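1. once you've seen the sequence and the experimental structure below, I've got questions.
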Amino acid sequence: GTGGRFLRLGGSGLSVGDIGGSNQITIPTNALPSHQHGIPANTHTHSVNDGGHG
Amino acid sequence: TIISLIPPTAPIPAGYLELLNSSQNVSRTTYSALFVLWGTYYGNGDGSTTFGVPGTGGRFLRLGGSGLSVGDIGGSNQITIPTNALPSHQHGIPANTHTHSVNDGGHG
């Protein structure tokens, strides 16, 4: 059955009638290109606790 | 060319040359019509007594046009996503907590 597939000559280790391939593709983890995210401007303070000192 | 679902056990049809993964070389005297129609367009073989016929290694069938000549080659099953093409995204930053030690010494 054709199965709505593409016509592929199979010289390299592919007998006649061989199937395979996939219309759905999944990006593997190692395929992700290198990229760098920017961290926005930040600002904070710390409250200070003290009962006193003699 | 013609296409066939012939299993490897079955014999090749008479008057037909089987294309393989690798480009082959065939005698010029025989397949005389094929040679005069092709010549050394897909290989020259020995250059005098043979000529080259193209090979199809795992390749897909694609029609001509768009400036592409017959018998051209190209493509790849392996793809690398260019760093330019990448879905725009932002990661969240996990909740954290830090304190700073105090350099107080002493005062009077």
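-> Right, received. Where do you want to start? Numbers count the residues shown, from 1 in each chain, chains lettered A, B, ... in the order given.
2. dump the residue contacts of the residue of chain A found nearest chain B.
-> Nearest residue of chain A to chain B, counting by C-beta to the nearest C-beta: residue A:11, 2.7 Å away. Using the backbone N, CA and C atoms, a C-beta is placed for each residue, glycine as well. Residues counted as contacts of residue A:11 (C-beta atoms under 8 Å, 6 or more residues apart in numbering or on different chains) are B:19, B:20, B:21, B:22, B:55, B:56, B:57, B:58, B:59.
3. helix or strand for it, which one?
-> Here residue A:11 sits in a region with no helix or strand, counting by DSSP states H and E.
4. now it, nearest residue through space, not along the chain?
-> Distances taken as C-beta to C-beta, 6 or more residues apart in numbering or on different chains put residue B:21 closest to residue A:11, at 2.7 Å, once the chain neighbours are dropped.
5. give me the phi and psi for the residue of chain A closest to chain B.
-> phi -60, psi -40 (degrees, to the nearest 10).
6. okay, and the beta partners of residue A:8?
-> Here residue A:8 sits in beta bridges with residue B:60, going by DSSP bridges.
7. how many neighbouring residues does it have?
-> Residues lying near residue A:8 (other C-beta atoms under 10 Å in any protein chain shown) number 16.
8. so who does it touch?
-> So residue A:8 contacts A:14, B:58, B:59, B:60, B:61 (C-beta under 8 Å, 6+ apart).
9. tell me the two of those that are most distant?
-> Within the contacts of residue A:8, A:14 and B:61 form the most distant pair, 13.3 Å apart (C-beta to C-beta).
10. re earlier: and the contacts of residue A:11, which is closest to chain A?
-> Once C-beta to the nearest C-beta is applied, the member of these that ends up nearest chain A is residue B:21, at 2.7 Å.
11. endpoints of stretch A:23-42, how far apart?
-> 45 Å (C-alpha to C-alpha, to the nearest Å).
12. wait, residue A:16 sits on residue A:9?
-> No. The criterion here is C-beta atoms under 8 Å, and residue A:16 misses it with residue A:9 at 10.1 Å.
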